[PDB]
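Asks: here is the input, now give the coordinates:
(chains A, B, C, D, E and F, ligands or ions: 45)
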Amino acid sequence: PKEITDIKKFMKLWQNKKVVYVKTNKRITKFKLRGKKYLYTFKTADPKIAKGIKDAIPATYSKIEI
Amino acid sequence: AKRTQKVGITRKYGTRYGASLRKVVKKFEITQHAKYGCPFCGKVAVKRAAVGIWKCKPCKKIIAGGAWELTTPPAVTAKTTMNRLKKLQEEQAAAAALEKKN
Amino acid sequence: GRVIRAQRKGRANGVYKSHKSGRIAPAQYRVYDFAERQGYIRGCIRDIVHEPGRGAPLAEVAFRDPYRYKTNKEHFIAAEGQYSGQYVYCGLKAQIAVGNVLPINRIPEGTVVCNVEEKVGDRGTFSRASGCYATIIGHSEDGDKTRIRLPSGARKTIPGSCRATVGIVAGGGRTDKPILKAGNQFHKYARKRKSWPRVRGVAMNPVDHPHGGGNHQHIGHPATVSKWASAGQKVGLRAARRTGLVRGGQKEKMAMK
Amino acid sequence: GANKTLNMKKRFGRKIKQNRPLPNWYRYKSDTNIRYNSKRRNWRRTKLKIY
Amino acid sequence: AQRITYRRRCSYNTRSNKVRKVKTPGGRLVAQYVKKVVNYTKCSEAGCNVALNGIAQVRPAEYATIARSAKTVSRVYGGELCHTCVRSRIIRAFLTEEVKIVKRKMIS
RNA sequence: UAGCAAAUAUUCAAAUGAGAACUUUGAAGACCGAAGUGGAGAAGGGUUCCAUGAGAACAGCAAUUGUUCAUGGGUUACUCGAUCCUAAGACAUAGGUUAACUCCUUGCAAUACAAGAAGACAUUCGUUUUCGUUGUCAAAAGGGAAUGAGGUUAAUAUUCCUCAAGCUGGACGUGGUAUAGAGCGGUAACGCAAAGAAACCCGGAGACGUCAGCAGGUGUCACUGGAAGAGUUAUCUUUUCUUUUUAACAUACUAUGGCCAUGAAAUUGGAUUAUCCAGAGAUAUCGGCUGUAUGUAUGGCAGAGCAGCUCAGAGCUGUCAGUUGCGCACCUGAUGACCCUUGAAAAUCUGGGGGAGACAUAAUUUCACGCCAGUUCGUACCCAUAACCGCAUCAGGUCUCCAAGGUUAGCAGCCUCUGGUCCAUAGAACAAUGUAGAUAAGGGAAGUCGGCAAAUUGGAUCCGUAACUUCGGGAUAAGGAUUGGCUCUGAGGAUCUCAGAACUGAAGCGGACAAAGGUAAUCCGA
Ligand SMILES: [Mg+2]
Ligand SMILES: [Mg+2]
Ligand SMILES: [Mg+2]
Ligand SMILES: [Mg+2]
Ligand SMILES: [Mg+2]
Ligand SMILES: [Mg+2]
Ligand SMILES: [Mg+2]
Ligand SMILES: [Mg+2]
Ligand SMILES: [Mg+2]
Ligand SMILES: [Mg+2]
Ligand SMILES: [Mg+2]
Ligand SMILES: [Mg+2]
Ligand SMILES: [Mg+2]
Ligand SMILES: [Mg+2]
Ligand SMILES: [Mg+2]
Ligand SMILES: [Mg+2]
Ligand SMILES: [Mg+2]
Ligand SMILES: [Mg+2]
Ligand SMILES: [Mg+2]
Ligand SMILES: [Mg+2]
Ligand SMILES: [Mg+2]
Ligand SMILES: [Mg+2]
Ligand SMILES: [Mg+2]
Ligand SMILES: [Mg+2]
Ligand SMILES: [Mg+2]
Ligand SMILES: [Mg+2]
Ligand SMILES: [Mg+2]
Ligand SMILES: [Mg+2]
Ligand SMILES: [Mg+2]
Ligand SMILES: [Mg+2]
Ligand SMILES: [Mg+2]
Ligand SMILES: [Mg+2]
Ligand SMILES: [Mg+2]
Ligand SMILES: [Mg+2]
Ligand SMILES: [Mg+2]
Ligand SMILES: [Mg+2]
Ligand SMILES: [Mg+2]
Ligand SMILES: [Mg+2]
Ligand SMILES: [Mg+2]
Ligand SMILES: [Mg+2]
Ligand SMILES: [Mg+2]
Ligand SMILES: [Mg+2]
Ligand SMILES: [Mg+2]
Ligand SMILES: [Zn+2]
Ligand SMILES: [Zn+2]
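Replies: Numbers count the residues shown, from 1 in each chain, chains lettered A, B, ... in the order given. Ligands and ions are numbered 1, 2, ... in the order given. Okay, here it is:
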């Protein structure tokens, strides 16, 4: 499992059978890409990055929420 | 503090074996556990590693020594005399080879 | 009608079989290269180590092979004073220095030597023991004979062309420190064929040994046994010319001279 | 124990099968004297040879 | 107090058989098999025995898994020798050839 | 009839059954007391494992019960082990010996020797090229490519399920490094996803003893505030117990040492508990580089696990923040001491020196991301006061790992928590004799071949301590005192030891446990 700090690489990865898993925690939110040998997590604190990334969900990738 | 009068390192043997035997031994033991001056780096760091084998920790040289000593008197003697005989060999042959010119 | 220990030492399946697992290599000389007969080859002491059965240290010597790219490692006998990383010279022209190897005929009378050769190209025979040296007595004019004086002190005539190491075998003196404990004796003999401990032939019953007498513990038969004594017969001091300790009439060694 | 050869496994299997009781319907045959299987064996009282 | 169980069918305590106690998300204390430590990489010259810098100390296998970096250094003998030995080598070679030529001209 | 008496223990109610001291649930009382009567292995056993059922026999009383009988069912692996490697060793082949059988040699490989391997084109041969003396077996603790947590079965699981990883061998795809010869930065240690190659020669790891102390980490144990639950509540107790967890693996940082600068040290300094280091360059710089995590943070990850509370399978709440230890077990790091001891090897992974060849529409390259595969065998269960060996369900014997609290020098003994267990035929009487356990007024070996047996002594602190001697010793010599409780006082340290004083008891206090009786001679053997 790898995690990503900078949204850019994350977006290069979800731009590269693709599905995206978003999960809510009290203080934080996480976005999760499945790829052959790695599970990519992306965490953010503030709601701005949050909504912005929710926007970022493309038609190619389907969004699952737990 | 002076901890022993006669015995020294021999005290490990405690009361065993008889005096004279561990006299002989006091001698030898103190020989083998002594630090020696290294010919090469000139430190007195040379210690014995194995029976015939001595090392200088700092300069990393290993030399073939005697059993309880670094330097065996009869070996020093053989060096001294090897040299002296070198001198005589060369002086002789080299000198009388001038007689061969006749 | 039992078999003494005396006899049991020649069995090769037996219990007395050397413990060889520690042996590093045989300690011998270089092969007899052309280089050695007509010139000199030089090598390094990569190290001088301890072989578990040996009193004398062994020298590990790098040589460059004359005929190929390979680097040749060899194990020589430590000449006292040899240093790790030393240059060692072997051959005809090699000069006289501690640990170099020349023919004896080139070594000056009165010089001290190691690891001499009985037949030319032994890769060594005489004076290999720790601290041992052989003494150079004389040369024939021809150059083909040399009188050596062996550690035992017997004089021997060796073809002069034979290989010798200048100097004395290393690690001398060990024989002088008394061994106090039995355990020491034990570990020591652990690395060689077992000689230890030694049970006196009298302790044993007549079945285990000619000696063990019986009710008293004596030999009861002359313990000087003749050279031709059969396998199980040969027990005491064999073929002995003298027996006792010479005290008092020691002037005889001198007056008899 | 745990560790076994094939050979072993197979042999053990064999003796395991051979250790069944005479099937209750064999005793009803016309030509048989056999009430029971005389060759049955119990691991505790008798041991096999496998090494 | 939690107690453990070997997981390997080797119950004997051998340098290769070592175990470490790990605490799981389950709340269990589980034996996990710990690997063996290896000796650091030393310069190969005679009597030198220096610890090489900038090379990874890794169990022999993982050496196929690492990046070229850890396998090496940038000197003339990067992997095999330390700087001191390199240096002394350079110097020695140069000066030795110098003496060689000198002997050559003195012969001619 | 002898006899069924070692290993402290059982008791009550219900249920089931023809029948219960001996089965199942519950309620009590005790034991093993983490050197276990606990949790798992190796050897050995081989189905003894699981479920259902049960007449006889067997389970030396009994049985509704079973290690017994009958019937069915259980042992899933790229990452565990075998398989590979080498060892002590051993055996072929070749050669030799024998009437013959047999026997002798062989890794430092031969008492042998016209014995091999590789490459390429060919792709069969053949052709061709290169280098070459010649085998195999022996380790389920040695070496040894990579996996973890959670969940599941009546019985298997690092194997199955779910989720998350790594390894080796394939084969291309897409991006990207490098070159008209073959990365770039730093003075230097060295650095950075990547940066051409054959023969050949050398390396590193693998790869290693025993002991002693120091330092750190993991696990455990202890303590602190918060929250949920539980025990106690006549009295007292802001109480007593419980949960409060984080796998392999990914990225970044720190980590006992070693290096590189700059500068050189005498009124020598530096430094460890100990050693030890320095002009062969110490100490010291807002200096720098590098190596090892069973460390920290984040990812994994909370969605799992754990603890509570609801609803009639769905639901909700919390799982938080600290401190210390010469504590303990293990591991690691830096050392030290020791040897007439000096502590495997090979397979395997990898690096260096060298630059013969190969190649323009080209050639070759230890970067990413994607595609494919991982075969064969062992995986049940016992490992013992009932699954082994002792003709047995025998008080014997049989190789390992994990270990809690209190007292304490202590892994001793004694008592406890987790987990396990009460199984050893039972009832009643209470004579002699016995087996084991204790205590005897006055005397004190008079007993007896003999102080046999018993008794005395015993910890710690303070006193005091001979002859003899190989000067090490003798030595706890001999001997003399003290020891509880309670209330105070002082001293040693960081950003738990030691000593004083006073008071108080049937003058008791190492209160159990634990724990030497001395002395003087003679003989042997050091
Ligand atoms: Mg995967
Ligand atoms: Mg004194
Ligand atoms: Mg044989
Ligand atoms: Mg002597
Ligand atoms: Mg006889
Ligand atoms: Mg008699
Ligand atoms: Mg006598
Ligand atoms: Mg006698
Ligand atoms: Mg078995
Ligand atoms: Mg049996
Ligand atoms: Mg039997
Ligand atoms: Mg009886
Ligand atoms: Mg029991
Ligand atoms: Mg058990
Ligand atoms: Mg069990
Ligand atoms: Mg062998
Ligand atoms: Mg053989
Ligand atoms: Mg492995
Ligand atoms: Mg799996
Ligand atoms: Mg691959
Ligand atoms: Mg060591
Ligand atoms: Mg609390
Ligand atoms: Mg540092
Ligand atoms: Mg939850
Ligand atoms: Mg500690
Ligand atoms: Mg232990
Ligand atoms: Mg060593
Ligand atoms: Mg290169
Ligand atoms: Mg038994
Ligand atoms: Mg009774
Ligand atoms: Mg009395
Ligand atoms: Mg009296
Ligand atoms: Mg009295
Ligand atoms: Mg007595
Ligand atoms: Mg004293
Ligand atoms: Mg006293
Ligand atoms: Mg006395
Ligand atoms: Mg008091
Ligand atoms: Mg006081
Ligand atoms: Mg008082
Ligand atoms: Mg008392
Ligand atoms: Mg007495
Ligand atoms: Mg005695
Ligand atoms: Zn030196
Ligand atoms: Zn070096």
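
Asks: identify the residue of chain D closest to ligand 44, quick one.
Replies: For chain D, the residue closest to ligand 44 is residue D:3, as judged by CB to the ion, at 56.3 Å. Where you see a C-beta, it was placed from the backbone N, CA and C, and this is true even at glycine.

Asks: please report how far that residue lies from ligand 8.
Replies: Distance, residue D:3 to ligand 8, using CB to the ion, to the nearest Å: 58 Å.

Asks: wasn't that residue part of a strand?
Replies: No: assigned with DSSP: H, G, I helix; E, B strand; the rest coil, residue D:3 falls outside any strand and is coil.

Asks: list the contacts of it.
Replies: Applying CB atoms under 8 Å, 6 or more residues apart in numbering or on different chains to residue D:3 gives no contacts.

Asks: go on, residue C:25?
Replies: Taking CB under 8 Å, 6+ apart, we find residue C:25 in contact with C:58, C:74-75.

Asks: do you know how far it is from residue C:42?
Replies: As judged by CB to CB, to the nearest Å, residue C:25 and residue C:42 stand 20 Å apart.

Asks: and the residue of chain E found nearest ligand 44, how close does it get to residue B:63?
Replies: Residue of chain E nearest ligand 44, by CB to the ion: residue E:47 (10.7 Å). Residue E:47 sits 11 Å away from residue B:63, going by CB to CB.

Asks: which neighbours do the two share?
Replies: With CB under 8 Å, 6+ apart, residue E:47 and residue B:63 have common neighbours residue C:84.

Asks: the more surrounded of the two?
Replies: residue B:63 (27 against 15; other CB atoms under 10 Å in any protein chain shown).

Asks: doesn't the more buried one belong to a helix?
Replies: No: assigned with three-state DSSP, residue B:63 falls outside any helix and is strand.

Asks: got the contact list for it?
Replies: B:39, B:46, B:53-54, B:70, C:48, C:81-84.

Asks: can you show me the strands along the chain?
Replies: With no chain named, the answer covers chain A. A:2-3, A:19-24, A:29-34, A:39-44, A:62-65 (DSSP state E).

Asks: wait, chain C was what I had in mind.
Replies: So, for chain C - with DSSP E - the strands run C:40-49, C:58-64, C:71-77, C:87-91, C:101-103, C:112-114, C:134-139, C:145-149, C:155-159, C:163-166, C:224-225, C:237-238.

Asks: residues in contact with the residue of chain E found nearest chain B?
Replies: Relative to chain B, the nearest point of chain E is residue E:47 (4.7 Å; CB to the nearest CB). Listed by CB under 8 Å, 6+ apart, the contact partners of residue E:47 are B:60-62, C:47, C:84-85.

Asks: residues contacting the nearest residue in space to it that is not next to it in sequence?
Replies: Nearest residue to residue E:47, sequence neighbours excluded (CB to CB, 6 or more residues apart in numbering or on different chains): residue B:60, at 4.7 Å. Contacts for residue B:60 (CB under 8 Å, 6+ apart) come out as E:47-49.

Asks: show the contacting residues for the residue lying closest to residue E:35 once chain neighbours are set aside.
Replies: Using CB to CB, 6+ apart and skipping residues adjacent in sequence, the residue nearest residue E:35 is residue E:59, 6.3 Å away. By CB under 8 Å, 6+ apart, the contact list for residue E:59 reads E:35-36, E:38.

Asks: assign a three-state SS to residue E:59, would you?
Replies: Strictly by three-state DSSP, residue E:59 counts as coil.

Asks: with residue E:92 instead?
Replies: Secondary structure, three-state DSSP: residue E:92 is helix.

Asks: distance of it from residue E:99?
Replies: Residue E:92 is 11 Å from residue E:99, by CB to CB.

Asks: swap in residue C:82?
Replies: Separation of residue C:82 from residue E:99 (CB to CB): 25 Å.

Asks: the two: which is more packed in?
Replies: residue C:82 (26 against 9).

Asks: what is the burial count for the closest residue to residue C:147 other than its chain neighbours?
Replies: The shortest distance from residue C:147 to any non-neighbouring residue, by CB to CB, 6+ apart, is to residue C:137 (3.8 Å). The local packing of residue C:137 (other CB under 10 Å) involves 14 other residues.

Asks: how many neighbouring residues does residue 22 have?
Replies: Went with chain A since none was named. 17.

Asks: wait, chain D
Replies: Using other CB under 10 Å, residue D:22 has 15 neighbouring residues.

Asks: the nearest residue to it once chain neighbours are set aside in helix, strand or coil?
Replies: The shortest distance from residue D:22 to any residue other than its chain neighbours is 4.5 Å, reached at residue D:37 (CB to CB, 6+ apart). Following three-state DSSP, the label given to residue D:37 is coil.

Asks: coming back round to it: chain C: which of the contacts of residue B:60 is nearest?
Replies: residue E:47 (5.6 Å).

Asks: OK, contacts around residue C:211?
Replies: C:200-202, C:204, C:219, C:223, C:235-236.

Asks: give me the buried subset of the residues you listed.
Replies: Buried subset of those (neighbour count, 16 or more other CB atoms under 10 Å in any protein chain shown): C:201, C:204, C:223, C:235-236.

Asks: show me which of the residues you listed is closest to residue C:154.
Replies: Ranked by distance to residue C:154 (CB to CB), the buried ones among the contacts of residue C:211 are led by residue C:236 at 24.4 Å.
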